[PDB]
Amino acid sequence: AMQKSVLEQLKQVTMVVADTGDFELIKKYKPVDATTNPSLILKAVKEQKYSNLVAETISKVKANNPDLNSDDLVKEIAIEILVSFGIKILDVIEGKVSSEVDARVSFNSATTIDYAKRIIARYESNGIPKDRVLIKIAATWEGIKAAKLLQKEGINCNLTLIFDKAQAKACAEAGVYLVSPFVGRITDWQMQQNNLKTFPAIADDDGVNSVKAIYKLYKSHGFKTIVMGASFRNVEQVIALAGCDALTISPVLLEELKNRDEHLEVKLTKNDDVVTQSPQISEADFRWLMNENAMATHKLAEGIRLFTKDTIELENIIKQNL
């Protein structure tokens, strides 16, 4: 782009997003948006780098909530930590930050809505308007149902743990602001199931193909939901999706892209394919389609379990630091 790095070239055709809670690293890549999740928040808390911020948040919450029991206090500290890191991130980017609801409410639309609103309220109390936040929700049928209601009230959501086109279609039909189709975890399944000794070629990469299929689906149907590829194993997977609406990338891979200097060929583009529109997917059809996809059924469930485990670990760290 005047002999620019792959990272700089990529920013011209795709919205680059940093996938991290480590806000000090964000400055060296200059992404538009940033994304966090329970695993990334745990990592930012557990590491010594932001020990002061964590200590201050714990103190503040204890002081402002003297009437809460130990369990309630811990949950309140956990949400303020989520939001505190979100605010530090917003201070270094021009865009939005994604903050994820407690994974334990993934099968309850009502409590997902409650948690989403609590996150928004904590940001508001800290002087941050909702226009800069995306509430991240696991794309289970219940999560999509909750997002549908949240969007009607002007709360933008980021539907995550997307492994199947059926999820992506129901999300778009719910008027969701953005979806995070996973790439890497899909490729993990592929390599284990097929005992692959080396990484699959881009043309054969199940993860890259999933995002390409969702992108095509959305554009051909005129859905305005943002397609953001997430979870990457190498820069080649990211580069293969150049042109996608957005891509959220780890600091490790952003560093690699910053140091790559070959010409970037754009792969995903807009077409003149007359828009087509099908009937919305019902709960029963969605559940059947997800069941037919062994990988998606496993990885959606696993993703929720893993985030739950990391949330429980965070709670234990908080309890040991009261």
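Note that residue numbering begins at 1 and tracks the sequence as displayed. The term rigid core refers to the most C-alpha atoms you can superpose between the two forms while keeping them within 1.5 Å.
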Exercise for review: Find the stretch among 196-204 and 146-154 with the larger RMS C-alpha deviation in 4 other deposited structures of this protein, all structures being superposed on the shown form by the rigid core.
Suggested key: 196-204
Practice item. May I ask which stretch, 61-69 or 36-44, sits farther from the shown form in 4 other deposited structures of this protein once every structure is superposed on the core, judging by RMS CA distance? Key: 61-69
Point to revise | Test item: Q280 lacks coordinates in at least a third of other entries | key: no
Check your understanding: Among the other compared PDB entries, is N52 dropped in a third or more?
Key -> no
Practice item. Could you check which stretch, 293-301 or 48-56, carries the larger mean CA temperature factor in the entry? Key: 48-56
Revision key, fill the gap. Of 62-70 and 271-279, the stretch with the higher mean C-alpha B-factor in the deposited entry is 271-279
Study note, to complete from the structure: Listed options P251, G143, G95, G207: highest C-alpha B factor recorded at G95
Point to revise | Per the PDB entry, maximal CA B factor within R185, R104, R122, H221 | key: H221
**Study point:** Ranked against its chain, the third holding the CA B-factor of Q190
**Key:** middle
Revision key, fill the gap. The third of the chain into which the C-alpha temperature factor of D19 falls is the lowest
Exercise for review: Tell me, lowest, middle or highest third: where does the Cα B factor of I318 rank within its chain?
Suggested key: middle
Study note, to complete from the structure: So, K117's CA B-factor, relative to its chain, sits in which third? The lowest
**Study point:** Cα B factor band for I155 (lowest, middle or highest third within the chain)
**Key:** highest
